[PDB]
Every structure is written in C-alpha cells, then in structure tokens.
Amino acid sequence: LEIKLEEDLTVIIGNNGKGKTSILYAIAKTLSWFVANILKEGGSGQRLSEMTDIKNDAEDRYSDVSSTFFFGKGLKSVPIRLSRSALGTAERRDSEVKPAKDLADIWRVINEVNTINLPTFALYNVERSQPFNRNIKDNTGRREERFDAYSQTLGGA
DNA sequence: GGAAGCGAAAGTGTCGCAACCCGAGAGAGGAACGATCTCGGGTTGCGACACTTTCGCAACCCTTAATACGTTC
RNA sequence: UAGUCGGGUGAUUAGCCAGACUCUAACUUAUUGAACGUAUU
Ligand SMILES: Nc1ncnc2c1ncn2[C@@H]1O[C@H](COP(=O)(O)OP(=O)(O)O)[C@@H](O)[C@H]1O
C-alpha cells in the first residue's frame with residue numbers, strides 16, 4: 001500500500017477493519033524513532049511486532065513500513081524504513097533508521113548550543129478515554145522539565 | 001555481519017490488598033444465659049507491577065586502495 | 001492557486017523579470033573501481 005498524505009490535513013476513511021488504525025500505528029512507530037533520537041543520542045524507538053504485524057498469508061514472512069519526511073528545500077527527503085521478520089524465521093530484516101537519527105541529532109545538538117523550537121509528535125489512539133482520577137502524586141519525572149513533553153507522547157493516551 | 005550499550009516487546013512470577021470466614025470474648029436484655037458487635041488470625045482471588053528473556057541497532061573494516069579534473073552506479 | 005521547467009539580469013548557489021508545463025505522483029545520489037567527458041599526452 002502507498003499513501004500520499006497532505007501537508008496540512010489528511011483524513012483516512014473506510015469500513016471497519018480496512019486498516020486506518022494500522023496506518024496510524026505505523027506512522028506512530030516511525031515517529032517514535034524521531035522522538036527517541038531527540039531525547040537521547042542513538043536512542044532506540046519502537047519496532048514492528050513479529051507476532052501480529054506481519055501479514056498472516058504473506059509468502060516472504062516479513063513486513064516493511066517505509067516513510068519519507070520533508071524538512072524544507074535543504075532536506076527534501078528523510079527516508080526511514082521499519083522492518084521485522086516473522087517469529088521463527090532464520091533470515092531477519094533490518095531497519096533503515098539512520099536518516100531519522102541524523103535529523104534528530106541535528107535538532108538535539110543545535111538545541112543544546114542555542115535553544116530552538118522542537119517539533120511535536122503525538123498519537124491519540126482509541127486507548128485514550130480511560131477514566132481519570134487524580135491518582136498521580138509521586139509520578140516520577142518532573143513536568144516542568146522541557147523534554148517531559150516527549151514522555152509517552154506516542155503511546156495513544 | 002554485528003563490539004558494547006541499551007532499550008523495546010512480550011511473557012511470567014510475586015506480592016500486597018480486598019473480601020470474606022471463623023473462633024473468642026465482654027456482656028444486652030432483664031433476671032438467667034448469653035444477643036450482638038468487635039478482635040485477631042487465617043485463606044483465597046486477583047491484578048498491577050517487577051522481573052526475565054529475546055531481539056535488534058550498527059563500532060570497526062580485517063594485510064590486501066589510489067591519489068590530473070568532473071558527473072553516474 | 002500551488003508545484004515544477006529555465007531563457008535573462010544579478011560581485012552571482014541568494015534575490016528579481018519574461019516565458020512555459022501539470023499521468024493521484026523526483027527525493028540529485030558514489031571511489032581510488034567501471035564506463036563517459038576533459039586535460040596532459
Ligand atoms: N497480521 C495480519 N494479517 C492479516 N490481516 C490482519 C493482520 N493484522 C490485522 N489484520 C486485519 O486488519 C484489520 C485491522 O483493523 P484496523 O487497522 O484497526 O482498521 P480500522 O481503522 O478500519 O478499524 C482487521 O480487519 C484485521 O483482520
């Protein structure tokens with residue numbers, strides 16, 4: 001499948017079980033690498049599942065999620081591919097996540113020397129809308145700290 | 001292909017809390033014996049969370065290269 | 001309208017001017033090796 005998302009707004013529609021949540025899940029998995037490498041140097045983002053993400057009746061027994069990002073005319077293409085081979089397969093498939101690491105390294109290093117505005121990556125799945133009680137006192141982490149805005153930002157809730 | 005670090009992802013054990021049960025006990029009433037509510041352990045079920053295992057990113061570039069100037073793989 | 005092509009000007013990778021295009025739709029890449037162009041030769 002191939003998608004040509006718009007710059008400002010993209011709306012995916014269809015029946016139930018057509019793969020819209022799959023597309024959003026793949027995009028969030030791709031963006032987790034940007035978030036992880038913004039937070040840490042060489043940080044590891046989320047990866048495709050080897051139990052449920054590979055097509056059940058695929059012959060190859062691996063799955064790919066390729067993406068291309070645009071960051072202006074000076075950086076027109078940032079290709080990142082997330083791959084996973086099925087469970088119990090001798091040949092494993094690697095992920096090409098180097099360009100995302102490079103872009104996030106640029107962001108983080110430039111931010112360290114002089115504060116710059118950082119991009120916001122957020123996923124709001126169906127996993128939200130759970131009840132909300134004010135049960136969060138010792139929640140460990142410091143909410144004023146600037147880089148707390150990336151904590152659990154692609155979890156869904 | 002894959003050091004060395006490290007973290008994601010998934011599975012499994014564990015451990016504390018709630019909920020209930022069950023015997024002991026002081027003693028309500030009203031004229032005695034012991035109702036009824038509570039104290040102290042004890043058991044079980046359950047679910048959040050800690051702990052455990054596996055995978056994967058990607059150093060280096062091996063003895064072993066050539067060195068007019070430019071694109072391309 | 002975007003986006004793209006690029007003839008001119010421009011101490012010139014920028015800015016501007018004229019013109020043109022539009023399959024749902026470029027993202028310019030790699031040496032010393034191979035071939036191509038060029039120079040010595
Ligand atoms: N590994 C798989 N192999 C084959 N089909 C799958 C696999 N994983 C999910 N599906 C199918 O893809 C659909 C997933 O639904 P989803 O992406 O949430 O769609 P929606 O947004 O329309 O509700 C289901 O119809 C499910 O049967």
Side-chain angles (χ1 to χ4, degrees), chain A residues 1-14 18-56 58 60-109 112 119 121-142 145 147-157:
Chain A
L1 180 69
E2 190 277 331
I3 309 102
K4 202 198 82 52
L5 294 174
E6 297 284 313
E7 161 169 24
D8 57 313
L9 175 67
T10 312
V11 191
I12 307 168
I13 67 169
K18 301 299 281 188
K20 313 185 291 294
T21 306
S22 299
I23 292 164
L24 295 175
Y25 166 96
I27 298 168
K29 294 289 223 209
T30 300
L31 293 180
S32 69
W33 283 88
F34 275 121
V35 170
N37 282 262
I38 287 178
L39 287 174
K40 186 180 289 293
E41 174 199 54
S44 294
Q46 308 178 39
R47 61 182 53 170
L48 298 188
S49 168
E50 66 183 314
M51 293 180 183
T52 56
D53 285 350
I54 297 89
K55 184 163 192 185
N56 285 338
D60 292 359
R61 291 329 280 141
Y62 80 75
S63 81
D64 293 352
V65 174
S66 296
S67 298
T68 293
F69 290 88
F70 181 84
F71 190 33
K73 291 326 189 175
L75 190 44
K76 289 182 182 180
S77 179
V78 188
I80 189 166
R81 155 159 77 75
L82 294 189
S83 302
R84 201 76 192 270
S85 179
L87 183 63
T89 303
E91 294 294 328
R92 321 299 304 169
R93 191 157 180 79
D94 291 331
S95 299
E96 294 178 320
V97 298
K98 292 181 181 180
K101 300 193 146 181
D102 301 335
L103 185 50
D105 283 3
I106 292 189
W107 275 327
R108 189 192 67 250
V109 167
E112 182 65 26
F121 307 114
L123 163 76
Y124 301 104
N125 210 298
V126 176
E127 183 178 1
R128 64 175 160 155
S129 87
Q130 66 273 342
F132 163 74
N133 64 7
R134 179 73 263 160
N135 64 6
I136 199 81
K137 293 186 286 185
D138 200 318
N139 192 253
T140 64
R142 277 193 280 301
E145 196 258 316
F147 288 98
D148 204 82
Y150 289 123
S151 77
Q152 281 92 40
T153 192
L154 294 148

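Each chain gets a letter, A, B and so on, in the order the sequences are listed, and its residues count up from 1. Basis for what follows: all heavy atoms, side chains included, without hydrogens, waters or symmetry-related copies.
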Pick base, sugar-phosphate or nothing for A/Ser32, based on heavy-atom distances below 4.0 Å to the nucleic acid.
nothing

[atom1]-based separation of [M] from [N] [nearest Å]:
| N | M | atom1 | result |
| --- | --- | --- | --- |
| C/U32 | B/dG70 | P | 9 Å |
| C/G3 | C/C23 | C1' | 15 Å |
| B/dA68 | B/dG5 | P | 44 Å |
| C/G37 | B/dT63 | P | 40 Å |
| B/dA35 | B/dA28 | P | 13 Å |
| B/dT64 | C/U38 | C1' | 33 Å |
| B/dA66 | B/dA8 | P | 46 Å |
| C/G15 | C/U29 | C1' | 28 Å |

Note down whether [N] puckers north or south, where north is a positive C1'-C2'-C3'-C4' and south a negative one.
| N | value |
| --- | --- |
| C/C27 | south |
| C/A20 | north |
| B/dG29 | north |
| C/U9 | north |
| C/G6 | south |

Spacing between [X] atom [atom1] and [N] atom [atom2], to the nearest angstrom:
| X | N | atom1 | atom2 | result |
| --- | --- | --- | --- | --- |
| A/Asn37 | B/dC6 | CG | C1' | 13 Å |
| A/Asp8 | C/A2 | CG | P | 14 Å |
| A/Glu6 | C/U1 | CD | P | 19 Å |
| A/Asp105 | B/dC57 | CG | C1' | 14 Å |
| A/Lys4 | C/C23 | NZ | P | 13 Å |
| A/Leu82 | B/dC55 | CG | P | 19 Å |
| A/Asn139 | B/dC49 | CG | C1' | 15 Å |
| A/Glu2 | C/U24 | CD | P | 13 Å |

For the adjacent pair [N]/[M], please state whether the pyrimidine-type six-membered rings satisfy a centroid distance under 5.5 angstrom and an interplanar angle under 30 degrees.
| N | M | answer |
| --- | --- | --- |
| B/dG30 | B/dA31 | yes |
| C/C21 | C/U22 | yes |
| C/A34 | C/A35 | yes |
| B/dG25 | B/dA26 | yes |

Using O4'-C1'-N9-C4 for purines and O4'-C1'-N1-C2 for pyrimidines, with syn meaning within 90° of 0, is [N] syn or anti?
| N | answer |
| --- | --- |
| B/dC33 | syn |
| B/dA48 | anti |
| C/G7 | anti |
| B/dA65 | anti |
| B/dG56 | anti |

Identified pairing partner of [N], criterion: Watson-Crick or G-U wobble below 3.5 Å:
| N | value |
| --- | --- |
| B/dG30 | none |
| C/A2 | C/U22 |
| B/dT64 | none |
| C/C27 | none |
| B/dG56 | B/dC6 |
| B/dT14 | B/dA48 |
| C/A39 | none |
| B/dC37 | B/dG25 |

Within the side chain of [X], is there an N or O that forms a donor-acceptor pair under 3.5 Å with the backbone of [Y]?
| X | Y | value |
| --- | --- | --- |
| A/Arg92 | A/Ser85 | yes |
| A/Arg47 | A/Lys29 | no |
| A/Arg108 | A/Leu103 | no |
| A/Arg142 | A/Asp148 | no |

Going by the side-chain contact (heavy atoms from CB on, under 4.5 Å) test, name the single residue among A/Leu154, A/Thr30, A/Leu82, A/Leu31 that passes it with A/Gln46.
A/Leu154

How close do A/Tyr124 and A/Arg128 get, counting heavy atoms only, and between which atoms?
O-NE, 4.2 Å

Nearest atoms (heavy-atom pairs only) where A/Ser83 meets A/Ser95:
N-OG, 3.0 Å

is_pair(C/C5, C/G19) Watson-Crick or wobble, both dists under 3.5 angstrom:
yes

Ring-plane angle category for A/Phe121 and A/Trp107, please: parallel below 30°, perpendicular beyond 60°, tilted otherwise.
tilted

Where do N or O atoms of nucleotides 7-13 of chain B meet protein N or O atoms at under 3.5 Å, pair by pair?
residue	atom	partner	partner atom	Å
B/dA9	OP1	A/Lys29	NZ	2.8
B/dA9	OP1	A/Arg47	N	3.4
B/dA10	OP1	A/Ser49	OG	3.1

Point-to-point distance, once rounded to the nearest 0.5 Å, from [atom1] of [X] to [atom2] of [Y]:
| X | Y | atom1 | atom2 | answer |
| --- | --- | --- | --- | --- |
| A/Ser63 | A/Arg93 | OG | CZ | 9.5 Å |
| A/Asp64 | A/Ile54 | CG | CD1 | 10.0 Å |
| A/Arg61 | A/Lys55 | CZ | NZ | 11.0 Å |

Check whether more than 12 heavy atoms from other residues, nucleotides or ligands sit under 6.0 Å from atom CD of A/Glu7, and answer yes or no.
no

Give a yes or no on this: more than 12 heavy atoms of other residues, nucleotides or ligands lie within 6.0 Å of atom CD of A/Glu91.
no

Counting only heavy atoms and a strict 4.0 angstrom limit, can you tell me which residues of residues 61-81 of chain A come near DNA chain B?
none

